[PDB]
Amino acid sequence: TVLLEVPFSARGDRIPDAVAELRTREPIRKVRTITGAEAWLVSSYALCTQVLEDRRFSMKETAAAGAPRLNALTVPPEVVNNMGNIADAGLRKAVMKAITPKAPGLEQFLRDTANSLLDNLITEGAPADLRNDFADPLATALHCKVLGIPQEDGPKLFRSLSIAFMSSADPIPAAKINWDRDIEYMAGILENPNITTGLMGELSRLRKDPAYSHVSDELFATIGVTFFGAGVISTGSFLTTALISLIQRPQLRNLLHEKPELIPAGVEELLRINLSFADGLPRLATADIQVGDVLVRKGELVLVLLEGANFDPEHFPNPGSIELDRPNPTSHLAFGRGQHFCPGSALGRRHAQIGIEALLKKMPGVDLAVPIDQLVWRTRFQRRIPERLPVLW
């Protein structure tokens, strides 16, 4: 027998029985990644939070030359430190303000786009693909709006993502090609006088502001590419697997349809049980640090298994069930924790809440149109998603 390998399963509709067993017996244990490197897999809520809240477990240094790797880089090394670069350039507050869902028109844009997507589906008739023809276009449309770039440009940028967020043992030639092309697109956007709204609009004017004159010009285009990619792949994938969890629970579906004011509470539970992250979050130990029964050594790789924490019965009793009245409802790790907590968390919540609200209104009888085992789960990818999500209503 060989050392236990990660990831365990590409299926995003059920957590393996093995996670519970692992968490109970060995909440931190050694595993092998797809590159052949060894790593510590952390799977209890307590130890996951300890790692995420201790900056000596570094995200930046996972990109160091010769480090044990979860997967191959699909960005330049320094872009792993993207938020650190943004903060050092003085751009953190501006980036945050631009990607809030409280921007005027934004919530109405989401509703209009979702409703328009659903009407098209209805007109075509069942079956409909809720991933390719609903959740992902909605994510793509949203991030075009958030960035301030043409809606028409969305599908072209989206096409990079099935490779850009691969979880590969080896570097990917196509990833570099798409990167260079997408970076050039965003640089053009910065020079485009028509682009005055959203994130790219704000970055364009900060670029001409004397207070930012010494900010690297390549960081501006990089922010656009990375926030579009991360936002679209994360919201599209989350909404998709959230719709599966909802569909699998007709009474919850009915309840939220009847009482839509419960939808935010519903989405928060759907976030907690969400299996969209295919791998643990990687960190490199920059010191010798005790984690449970293991002294992690400087230079070693640690993987924070989000569903390990989020299904931990010591923190979330009956973790497999959706409870709209938990006393600790946002304390899940779906958005991470600590220094690198997701900057798009508000946008991600609203994308899901509005998508679900529109869906339940337009398709109250929504149900899977194929047996659940017929869903095709994407492999070697940083997210777990079904290639198609056929439904009827």
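When you see a residue number, it is the position in the sequence shown, counting from 1.
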- Task: Pick between 52-60 and 324-332: the one whose mean CA B-factor in the entry is higher.
- Result: 324-332
- Note on the structure: When mean C-alpha B-factors in the record are compared for 191-199 and 99-107, the larger belongs to 99-107
- Top Cα B factor in the deposited entry, candidates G308, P282, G90, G154: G90
- Out of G229, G299, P317, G236, highest CA B-factor residue: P317
- Third of the chain's Cα B-factor distribution that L389 belongs to, per the entry: lowest
- Query: In terms of the CA temperature factor given in the entry, to which third of its chain does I177 belong: lowest, middle or highest?
  - Reply: middle
- The third of the chain into which the C-alpha temperature factor of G365 falls is the highest
- Query: Against its chain's modelled residues, does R14's Cα B factor rank lowest, middle or highest third?
  - Reply: highest
- Task: Would you mind checking where the Cα B-factor of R25 ranks among the modelled residues of its chain, as the lowest, middle or highest third?
- Result: highest
